[PDB]
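Computation of the quantities below employed the complete heavy-atom set of this structure, encompassing side-chain atoms and omitting hydrogens, waters and symmetry-equivalent molecules. In what follows, residues are counted from 1 in the order of the sequence shown.
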Amino acid sequence: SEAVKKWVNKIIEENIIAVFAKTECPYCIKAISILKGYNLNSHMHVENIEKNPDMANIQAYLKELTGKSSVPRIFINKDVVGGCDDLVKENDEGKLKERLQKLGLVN
Ligand SMILES: [Zn+2]
Ligand SMILES: [Zn+2]
Ligand SMILES: [Zn+2]
């Protein structure tokens, strides 16, 4: 479905921070909380792909884009961060902050 890919693409392109998530997903919640802790709400969109008729197609496309079909799937300015574990690694190592500084999102 070109439609599914167009829709996922629009989410990633229109929002600097894009998080694909699902219902009652602890690592989704943890990742979103970390990101909101950088006061990124204004530039973030969270998409619940479980409440969607095309969940399997969305997951398959996220795997084509990132190598994994699991949520959360995290993009920052169209770059693949990955899952919550990847976010925690980048955060602890300083990379996340560096990303956000280069985007003008944190001073
Ligand atoms: Zn579920
Ligand atoms: Zn429940
Ligand atoms: Zn949405």
Side-chain angles (χ1 to χ4, degrees), residues 3-9 11-50 52-101 103-106:
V4 170
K5 291 195 182 188
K6 286 152 50 203
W7 180 86
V8 171
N9 286 351
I11 292 164
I12 295 165
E13 293 155 357
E14 294 178 6
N15 306 284
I16 296 175
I17 314 291
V19 179
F20 299 84
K22 81 205 247 204
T23 315
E24 292 174 359
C25 168
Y27 288 100
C28 303
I29 291 160
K30 180 185 178 95
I32 292 162
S33 174
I34 292 173
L35 288 160
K36 288 192 179 177
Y38 282 92
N39 302 318
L40 300 177
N41 310 50
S42 69
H43 287 284
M44 295 176 71
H45 191 75
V46 175
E47 192 65 38
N48 183 339
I49 68 171
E50 173 166 21
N52 193 296
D54 297 323
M55 184 188 186
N57 309 106
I58 300 162
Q59 281 184 269
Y61 185 44
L62 295 171
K63 186 171 191 176
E64 294 181 357
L65 291 182
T66 72
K68 293 207 199 151
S69 61
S70 57
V71 293
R73 289 284 94 199
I74 304 163
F75 302 80
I76 296 186
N77 191 33
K78 298 174 283 182
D79 297 313
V80 177
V81 170
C84 187
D85 294 356
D86 298 299
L87 188 72
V88 165
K89 175 180 177 56
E90 288 200 7
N91 192 37
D92 286 7
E93 295 177 357
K95 182 148 163 220
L96 178 51
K97 193 166 127 175
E98 172 179 305
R99 263 188 216 277
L100 301 172
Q101 286 174 328
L103 293 161
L105 291 174
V106 304

What's the separation between atom [atom1] in [X] and atom [atom2] in [Y], rounded to the nearest 0.5 Å?
X	Y	atom1	atom2	value
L62	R73	CG	CZ	7.5 Å
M44	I74	CE	CD1	8.5 Å
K5	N57	NZ	CG	10.5 Å
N52	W7	CG	CH2	4.5 Å
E90	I76	CD	CD1	6.5 Å
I17	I32	CD1	CD1	12.0 Å

Does a donor on one side chain and an acceptor on the other come within less than 3.5 Å for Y61 and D54?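 Absent: no donor and acceptor within the cut-off.
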For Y38, does the OH atom sit with more than 12 other heavy atoms under 6.0 Å from it, leaving out its own atoms?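 Enclosed.
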Considering all heavy atoms, the nearest [X]-[Y] contact:
X	Y	value
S69	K63	N-CB, 3.8 Å
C84	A31	SG-N, 3.7 Å
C25	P72	SG-CD, 4.2 Å

Strictly distance-based, threshold 3.5 Å: is any side-chain N or O of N15 a donor or acceptor partner for the main-chain N or O of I11?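 Yes.
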Can you get from [X] to [Y] by hopping between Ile, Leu, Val, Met, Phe, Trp and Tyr side chains that sit under 4.5 Å apart?
X	Y	result
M55	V71	yes
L87	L103	yes
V88	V19	yes
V46	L100	yes

Given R99, which partner from the list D79, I16, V106 fulfils the side-chain contact (heavy atoms from CB on, under 4.5 Å) test?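 Only one option passes, and that is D79.
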Going by the side-chain contact (heavy atoms from CB on, under 4.5 Å) test, name the single residue among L40, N77, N39 that passes it with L105.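 Exactly one candidate clears the test, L40.
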Before you tell me yes or no, could you show the steps for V80 and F75 under side-chain contact (heavy atoms from CB on, under 4.5 Å), namely the whole-Å CA-CA distance, both residues' side-chain angles and the distance that decides it to 0.1 Å? CA-CA 5 Å; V80 177; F75 302 80; 3.7 Å; yes
